[PDB]
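K.L.:
Could you have a look at this structure, given as structure tokens, before my questions?
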Amino acid sequence: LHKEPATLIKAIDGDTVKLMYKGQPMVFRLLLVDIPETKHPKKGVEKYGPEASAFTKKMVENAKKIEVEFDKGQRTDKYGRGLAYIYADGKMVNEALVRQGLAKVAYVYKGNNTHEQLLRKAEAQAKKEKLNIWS
């Protein structure tokens, strides 16, 4: 896989960020993570969801360098969102969220699974430490 530079435009949620990639604006969905949805209709946000959002936002808003890493599967979903791993100064947001107990590891999607073991491992650790959603 290859890391590509991007620039923060705006963080939308724990699992969605808007970036400038190859010169044009684009919305990315964090691969292999399942978060407590905050941007929803009649759902009254979700338990830990505002912490996952603040986490993601803190992480990318304060970073010097954002990078995007597409996987080898399908690269966009049916809503036109890029499907990728996001890196903030070398640290993967996807993994951080899971390590910190603010997301579960999602089912693999359309062949996109390169970092799934790494992610499942972070998830066991958080479970073991009874972090946030595992509290």
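Numbering starts fresh at 1 for the residues of each chain in the structure tokens, the chains themselves are lettered A, B, ... in the order given, and ligands are numbered from 1 as they appear.
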Based on DSSP run over this structure's backbone, return all residues of chain A in helix (DSSP H, G or I), as number ranges by chain.
P.N.:
A: 49-61, 93-99, 116-128, 132-134
K.L.:
Can you write out the residues you just picked, keeping N, CA, C and O atoms, as a tab-separated table (two decimals), in the first residue's frame?
P.N.:
chain	number	residue	atom	x	y	z
A	49	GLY	N	-20.10	8.07	21.00
A	49	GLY	CA	-20.00	8.74	19.71
A	49	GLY	C	-19.45	10.14	19.77
A	49	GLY	O	-18.58	10.51	18.97
A	50	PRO	N	-19.89	11.00	20.69
A	50	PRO	CA	-19.27	12.33	20.77
A	50	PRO	C	-17.85	12.23	21.28
A	50	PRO	O	-17.01	13.11	21.07
A	51	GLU	N	-17.50	11.14	21.98
A	51	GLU	CA	-16.07	11.11	22.34
A	51	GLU	C	-15.27	10.62	21.13
A	51	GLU	O	-14.14	11.06	20.90
A	52	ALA	N	-15.87	9.72	20.34
A	52	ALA	CA	-15.09	9.26	19.16
A	52	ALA	C	-14.89	10.42	18.22
A	52	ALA	O	-13.85	10.69	17.62
A	53	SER	N	-15.96	11.22	18.07
A	53	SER	CA	-15.79	12.38	17.19
A	53	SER	C	-14.74	13.34	17.70
A	53	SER	O	-13.88	13.82	16.96
A	54	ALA	N	-14.72	13.66	19.00
A	54	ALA	CA	-13.74	14.63	19.50
A	54	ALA	C	-12.30	14.16	19.37
A	54	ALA	O	-11.37	14.91	19.11
A	55	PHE	N	-12.14	12.86	19.58
A	55	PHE	CA	-10.88	12.15	19.40
A	55	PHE	C	-10.37	12.28	17.97
A	55	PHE	O	-9.26	12.76	17.70
A	56	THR	N	-11.17	11.83	17.02
A	56	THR	CA	-10.77	11.95	15.62
A	56	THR	C	-10.42	13.39	15.24
A	56	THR	O	-9.36	13.62	14.66
A	57	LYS	N	-11.31	14.30	15.60
A	57	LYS	CA	-11.11	15.74	15.37
A	57	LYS	C	-9.84	16.26	16.03
A	57	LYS	O	-9.05	16.97	15.40
A	58	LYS	N	-9.62	15.93	17.31
A	58	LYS	CA	-8.39	16.38	17.95
A	58	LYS	C	-7.19	15.87	17.18
A	58	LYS	O	-6.23	16.56	16.83
A	59	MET	N	-7.27	14.57	16.88
A	59	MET	CA	-6.10	13.98	16.22
A	59	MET	C	-5.72	14.61	14.90
A	59	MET	O	-4.55	14.86	14.60
A	60	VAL	N	-6.72	14.87	14.04
A	60	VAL	CA	-6.34	15.37	12.72
A	60	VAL	C	-6.18	16.88	12.74
A	60	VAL	O	-5.37	17.45	12.00
A	61	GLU	N	-6.95	17.58	13.58
A	61	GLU	CA	-6.86	19.04	13.62
A	61	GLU	C	-5.48	19.48	14.11
A	61	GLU	O	-4.92	20.47	13.65
A	93	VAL	N	-5.18	6.87	12.41
A	93	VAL	CA	-6.33	7.19	13.25
A	93	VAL	C	-7.19	5.97	13.48
A	93	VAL	O	-7.77	5.83	14.56
A	94	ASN	N	-7.26	5.11	12.46
A	94	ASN	CA	-8.16	3.95	12.57
A	94	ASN	C	-7.82	3.14	13.81
A	94	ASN	O	-8.69	2.76	14.59
A	95	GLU	N	-6.52	2.87	13.94
A	95	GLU	CA	-5.98	2.04	15.02
A	95	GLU	C	-6.11	2.70	16.39
A	95	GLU	O	-6.56	2.02	17.32
A	96	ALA	N	-5.74	3.96	16.51
A	96	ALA	CA	-5.86	4.78	17.71
A	96	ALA	C	-7.26	4.73	18.28
A	96	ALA	O	-7.50	4.55	19.47
A	97	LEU	N	-8.25	4.89	17.39
A	97	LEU	CA	-9.63	4.86	17.84
A	97	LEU	C	-9.95	3.51	18.45
A	97	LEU	O	-10.67	3.42	19.45
A	98	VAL	N	-9.43	2.46	17.82
A	98	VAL	CA	-9.73	1.11	18.32
A	98	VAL	C	-8.94	0.85	19.61
A	98	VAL	O	-9.47	0.38	20.61
A	99	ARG	N	-7.65	1.16	19.61
A	99	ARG	CA	-6.79	0.95	20.78
A	99	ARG	C	-7.36	1.61	22.04
A	99	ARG	O	-7.22	1.08	23.15
A	116	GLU	N	-6.31	-5.49	9.05
A	116	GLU	CA	-7.32	-6.04	9.94
A	116	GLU	C	-6.74	-6.76	11.15
A	116	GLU	O	-7.28	-6.62	12.24
A	117	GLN	N	-5.66	-7.52	11.01
A	117	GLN	CA	-5.09	-8.18	12.19
A	117	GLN	C	-4.56	-7.16	13.21
A	117	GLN	O	-4.82	-7.28	14.41
A	118	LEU	N	-3.82	-6.18	12.70
A	118	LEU	CA	-3.28	-5.11	13.52
A	118	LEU	C	-4.38	-4.45	14.33
A	118	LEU	O	-4.24	-4.13	15.51
A	119	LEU	N	-5.51	-4.27	13.65
A	119	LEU	CA	-6.69	-3.65	14.21
A	119	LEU	C	-7.40	-4.57	15.19
A	119	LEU	O	-7.88	-4.12	16.24
A	120	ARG	N	-7.47	-5.86	14.87
A	120	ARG	CA	-8.11	-6.78	15.82
A	120	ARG	C	-7.27	-6.90	17.08
A	120	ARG	O	-7.72	-7.02	18.22
A	121	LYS	N	-5.94	-6.83	16.91
A	121	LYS	CA	-5.09	-6.87	18.11
A	121	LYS	C	-5.30	-5.66	19.01
A	121	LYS	O	-5.42	-5.77	20.24
A	122	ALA	N	-5.33	-4.46	18.44
A	122	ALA	CA	-5.57	-3.27	19.26
A	122	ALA	C	-6.89	-3.40	20.00
A	122	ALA	O	-7.11	-2.92	21.11
A	123	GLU	N	-7.83	-4.09	19.34
A	123	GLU	CA	-9.16	-4.23	19.89
A	123	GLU	C	-9.19	-5.17	21.09
A	123	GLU	O	-9.89	-4.99	22.09
A	124	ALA	N	-8.41	-6.25	21.01
A	124	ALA	CA	-8.36	-7.13	22.18
A	124	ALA	C	-7.78	-6.39	23.38
A	124	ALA	O	-8.26	-6.50	24.51
A	125	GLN	N	-6.72	-5.62	23.14
A	125	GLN	CA	-6.07	-4.89	24.23
A	125	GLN	C	-7.04	-3.98	24.96
A	125	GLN	O	-7.12	-3.99	26.19
A	126	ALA	N	-7.80	-3.20	24.19
A	126	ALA	CA	-8.80	-2.29	24.73
A	126	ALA	C	-9.89	-3.03	25.48
A	126	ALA	O	-10.41	-2.60	26.51
A	127	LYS	N	-10.28	-4.19	24.95
A	127	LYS	CA	-11.28	-5.00	25.62
A	127	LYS	C	-10.77	-5.44	26.99
A	127	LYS	O	-11.48	-5.37	27.99
A	128	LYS	N	-9.53	-5.91	26.96
A	128	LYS	CA	-8.85	-6.37	28.16
A	128	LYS	C	-8.73	-5.25	29.18
A	128	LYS	O	-8.86	-5.51	30.37
A	132	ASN	N	-13.49	2.48	27.52
A	132	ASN	CA	-14.64	3.19	26.99
A	132	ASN	C	-15.76	2.28	26.53
A	132	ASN	O	-16.58	1.84	27.34
A	133	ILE	N	-15.89	1.91	25.25
A	133	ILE	CA	-17.05	1.07	24.94
A	133	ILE	C	-16.99	-0.30	25.60
A	133	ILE	O	-17.98	-1.03	25.64
A	134	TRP	N	-15.84	-0.69	26.14
A	134	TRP	CA	-15.71	-1.98	26.79
A	134	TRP	C	-15.75	-1.83	28.31
A	134	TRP	O	-15.53	-2.80	29.04
K.L.:
Could you pull the residues within 9 Å of residue 71 in chain A, counting only C-alpha atoms, minus those fewer than 6 positions along the same chain, as an mmCIF file with C-alpha atoms, in the first residue's frame?
P.N.:
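As written to disk, result-v1.cif reads:
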data_model
loop_
_atom_site.group_PDB
_atom_site.id
_atom_site.type_symbol
_atom_site.label_atom_id
_atom_site.label_comp_id
_atom_site.auth_asym_id
_atom_site.auth_seq_id
_atom_site.Cartn_x
_atom_site.Cartn_y
_atom_site.Cartn_z
ATOM 1 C CA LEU A 1 0.000 0.000 0.000
ATOM 2 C CA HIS A 2 1.029 3.615 -0.529
ATOM 3 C CA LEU A 31 -11.862 1.732 6.941
ATOM 4 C CA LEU A 83 -12.408 4.165 1.905
ATOM 5 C CA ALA A 84 -9.010 4.511 3.530
ATOM 6 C CA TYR A 85 -6.684 4.434 6.488
ATOM 7 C CA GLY A 111 -11.371 -6.961 -0.155
ATOM 8 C CA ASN A 112 -10.233 -4.089 2.073
ATOM 9 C CA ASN A 113 -8.423 -5.992 4.861
ATOM 10 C CA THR A 114 -4.692 -5.253 4.873
ATOM 11 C CA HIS A 115 -4.662 -3.829 8.430
#
K.L.:
With only C-alpha atoms as the atoms that count, which of A:62, A:29, A:17, A:131 lies nearest to residue 75 in chain A?
P.N.:
A:29
K.L.:
For CA of residue 104 in chain A and CA of residue 9 in chain A, determine how far apart the two atoms are, in Å to one decimal place.
P.N.:
25.6 Å
